[PDB]
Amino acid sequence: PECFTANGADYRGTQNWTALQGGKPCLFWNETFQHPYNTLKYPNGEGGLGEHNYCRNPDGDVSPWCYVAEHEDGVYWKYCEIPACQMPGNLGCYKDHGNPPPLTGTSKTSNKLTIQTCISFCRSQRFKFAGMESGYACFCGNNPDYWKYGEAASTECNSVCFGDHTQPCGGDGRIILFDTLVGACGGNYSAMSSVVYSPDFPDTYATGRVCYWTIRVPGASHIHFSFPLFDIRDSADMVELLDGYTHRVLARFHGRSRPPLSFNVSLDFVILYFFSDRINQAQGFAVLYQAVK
């Protein structure tokens, strides 16, 4: 996967066509001077813009996109449908033909819906799946067949969440699906490999959080950790790895000391901690662990 955010704001792959099948080619960001977004607006490379025509998401839209025309008379930019840009725990964009819905546990509507407010709702009620539709509608369930009506292109799930216009909240007859583990404040992991996100992900992390996750893989000689996303604002915001047996703090990362791409810990049992101050919020993190025997 090349995205660990819900809107692919961290995408830096090389897709330069709005779609791999029947797509249009992107314009180069170092040529897009009619347009708001270009390399003269963002020197320093902000948003991943540069001397390329790769799909990017610099303006906090719901998904990577690119310019497809030089003059903005008609349709001049388009979302990119990038297969590898699907955060782990986003199960995809699915069709919802009405009766029954794809998720049959419970549901609500909110004028402030976000991805997490929906996830959080579902999780609280002990459902494994949460699905956003039409920007404002949250459905929850344990039905395995949330795909009952079929997959859709990710771009048909790009209505803005009514409570956060940086996030995708499905569409008309379209439901974007998430594992309710996503953004949980704690959890226990024993898969060989998985991803753990900050609390409230993909919303920004709330203030005053203390959260931990156990990672425990019987047999493992080591666990390799990488931080494909690390957007932690404050010095007093912290991500910590503990030895699971001894509780010793193996590494501390904060807003002024970032993690390596990656590192190894030779334990089979680790505790990830996150602490959030009451000052500034940010997108948070995604940690990917792969255990090795």
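Residue positions are given as counts along the sequence shown, with the first one as 1.
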Problem set entry | Residue range whose averaged C-alpha B-factor is higher in the record, 230-238 or 39-47 | 39-47
Exercise. Out of 75-83 and 163-171, which stretch has the higher average CA B-factor listed in the record?
Worked result: 75-83
For this session: Kindly indicate the residue among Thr180, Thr207, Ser154, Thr104 with the greatest C-alpha B-factor in the PDB record.
Result: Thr104
For this session: Kindly indicate the residue among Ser193, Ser198, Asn90, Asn158 with the greatest C-alpha B-factor in the PDB record.
Result: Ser193
Exercise. Going by the entry, which third of its chain does the Cα temperature factor of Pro58 land in?
Worked result: middle
Problem set entry | Chain-relative CA temperature factor third for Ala282 | middle
Problem set entry | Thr18 by Cα B-factor - lowest, middle or highest third of the modelled chain | middle
Exercise. Of the three thirds of its chain by CA temperature factor, lowest, middle or highest, which one includes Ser221?
Worked result: highest
For this session: Place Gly135 in the lowest, middle or highest third of its chain's C-alpha B-factors, as listed in the PDB entry.
Result: lowest
